[PDB]
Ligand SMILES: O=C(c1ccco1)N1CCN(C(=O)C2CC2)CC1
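Below you'll find only one chain, the form deposited without the named molecule, shown as C-alpha cells.
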C-alpha cells in the first residue's frame, strides 16, 4: 500500500518478513554502511536505474534511454529501430546532458529545520517549502567547503508530510553515462500506444548504460580517459523467476502522489481537471483522427501529436473510473471525519479548521480553475496557431537601421518552426473551429480572451468565419502571406494582425488566470501541514506513508494478477507466445523482430524459460508505484533482481490518491526476458559474463 521512506524500513521489516522477505534489514538499507540501496540510481533526473555489475553496468527502461538511443541514431545506423549492442567497452557511446544520482546518505533533520524556522516571524511564510531556503539550511549544516572537501557529493533538504518531516540527502552525481545496449523498438516498445497502461503487457522495456568515472571512481564529466565505475554494491540477477504470490519489492524515485487530498479536492480533480481534459482532448483527437484517416500524409504529420494528446487523456479516463467506481471521495471524507471527531475529543479544533480552510479555498477558486483548464486544454494545447509567432518589444522597436532585417530573420525563424513539415493549416482550422465552438459555449463573453469577443461582435457567432478570416488576413496564414509581409514590413500590420492578436490575447488570459489562481495554493499548503500533523498524531507512521516527492522510496507486495471485470481474470505473468499472438506485420506497433520470432519457433530459450518450457516476458505485482518508478529494480525475497518496473495498469492510475488493492498493479519486464534479448537478439555475451547470475 505505500511508498515508504528508507528511515521507515525498521518499522516495516517485521511486516515484510511475514510477507516473505528473507534478506537481513541492513543488507537492504544501512544508514551507516553499504546496502542494496547503494545500487539504485535516479537515471537522467526522472527515471530509476540499477547497477548490475562490478564495472558499472546499469539497467533502466527503453523509454528512459529513448532520447540517448535516438540522438545516436542516423539513417546509416538506426539504433532506435534496429537496436544497439556495443561489442566492446570502447564502442559504448557517450551521452551529452545525462546523469545518474546515487543516494549516499539520508539523515532526519526535522528538529534542525523546525528550530531554524522559529526565527521566521511571519506565520504565513512559505519558506518551510522553499527550495532556496532549504538549500541555505542544507549548506549551513553540511559546511561551506562541502563540495570541494567531498568531491562528486552534494546535499539537499526536502519537506515531507506537508512540512512535518525533513530529510537531508547526500547525493553522488556521475555525468559520464554511456549507452551500452538497447533492443529494437519492436521489443522495447512492442505495445507502443495501444498497450500503454495495459495489462496483460508484452513489452521488453529495457536499455543498458554504463557509468564512467575518473581513475579513483570519482565523478568526472565525459573524458576519453574515463574508466568504468567499480561500484560498492550491485544487484545479482536471479534466474529462479517468479511464481504467483511470491514476495516482491521495489526501490525507486516515485514523483508525486496526493494521498492527503480532502474530499473537495477529489471533486475538483474530477469535475474540473479531469472532465475538462477528457472533453477537450476528445474533441481535438476526434477531428485529428478524421483528417489522419482521410489523408495518409496528414497521418504522418499528426501521429506524434495525436499520440502525445492521448496519453494524459487515457490517464484522466482511468482516474475518473476510480473516482466513480472505487469511492475515492468517500474514503477521503471518512479520513477527515475521523480526524475531526478525534480533534473534538482532544479539545483541539485546529484540524477541523484546517479541513474547512481547504474546502473554502477549493470552493473560492472553482470558476477561475475551470477557466484556466478550459483555456489550457481548449486553446493553449488544443489549437496550434495559439503558439504562432508574437513579435517581441525588441522586434517591434526595430521595424519602427538595418536591424529591421535582423527582426524579420528572427520572426521568420519562429514562423518556420510553427508552420513546419508537420503543420497543416487546413487541419488546424478544423481543430480550432471545433475547439473554439466548445470553448465559446463554456466561457461567457465577459470572461473571454479579448480577441475571441470578435466572434459575437464582428462575425455574428460564425466561428468558421472568424477562423477563416484569421488565416486569410494574417502574415502567418501562409508562406506567401509571410513573404509579402517580409518584403514590406510595417509594425502597424503586426499590431492589427488577427493571428498575432489571437495568440496575444489567449496568452494574456492564460497568464492572468495563472496569477489570480497562484495565491490560492498557499492557504491549502499551510492547512495541509496542520491536517497531516493531526493524521500522524492520531494514527501514526505505518499505513500513512508521506506523499511521493522524487525521493528514494521502497514498496513491497506480491507477484499477483487481478480480475478487471466480472468473469475475467488476468494472471500474474505474460509469455513470448503472447507477443506472437499480437503480431501484425502491417501495424507498426505490433511488428515482431525476426530474430525474436526465430527464437520462439526454435524454442531457443536456453537457461531463461520457465519450469514448463514457456518463455516469460512480463509480470505484475501489488507494489505501489507511480511516475518516476520507470526502470526501478524489482527484487526477490533475497534481494536478487527479478525484473524492471516499466508501467502500471490504467485501473491503478487513481492509486496516486488511493491505492487500489484489487486493481492496481506494477507492470514489470521479467529479467529472464531481458537476458534472452541481450543474448539471442543482441548477441552481447560480454554483458551476461559481466553480471553475477544466480541459478
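Residue numbers count along the first chain shown, from 1.
The next section is about a form of this same protein that is not shown, the form deposited with the named molecule bound.
Asker: Flag residue 91 as yes or no: does it have a non-hydrogen atom within 4.5 angstroms of any non-hydrogen atom of the named molecule in the deposited complex?
Answerer: Taking the distances in the deposited complex, the answer for residue 91 is no, it never comes within 4.5 Å of the named molecule.
Asker: Answer for residue 518 alone: is it within 4.5 Å of the named molecule in the deposited complex, judged on heavy atom distances?
Answerer: So residue 518 does not count as contacting the named molecule.
Asker: Under a 4.5 Å heavy atom criterion, is residue 298 part of the interface with the named molecule in the deposited complex?
Answerer: Residue 298: contacts the named molecule in the deposited complex.
Asker: Taking the shortest heavy atom distance, is residue 121 within 4.5 Å of the named molecule in the deposited complex?
Answerer: Contact check for residue 121: no, nothing within 4.5 Å of the named molecule in the deposited complex.
Asker: Give me the residue from 134, 419, 101, 475 that has a heavy atom within 4.5 Å of the named molecule in the deposited complex.
Answerer: It is 419 that has a heavy atom within 4.5 Å of the partner.
Asker: Given that the named molecule is left out here, which of 424, 504, 437, 150 has a heavy atom within 4.5 Å of it in the deposited complex?
Answerer: In short, 424.
Asker: So which stretch, 401-409, 172-180, 298-306, 349-357, is the one near the named molecule in the deposited complex (non-hydrogen atoms, 4.5 Å)?
Answerer: Going by heavy atoms within 4.5 Å, the stretch is 298-306.
Asker: Only counting heavy atoms and a 4.5 Å limit, does any residue of 590-629 reach the named molecule in the deposited complex, and if so which ones?
Answerer: Stretch hits: zero.
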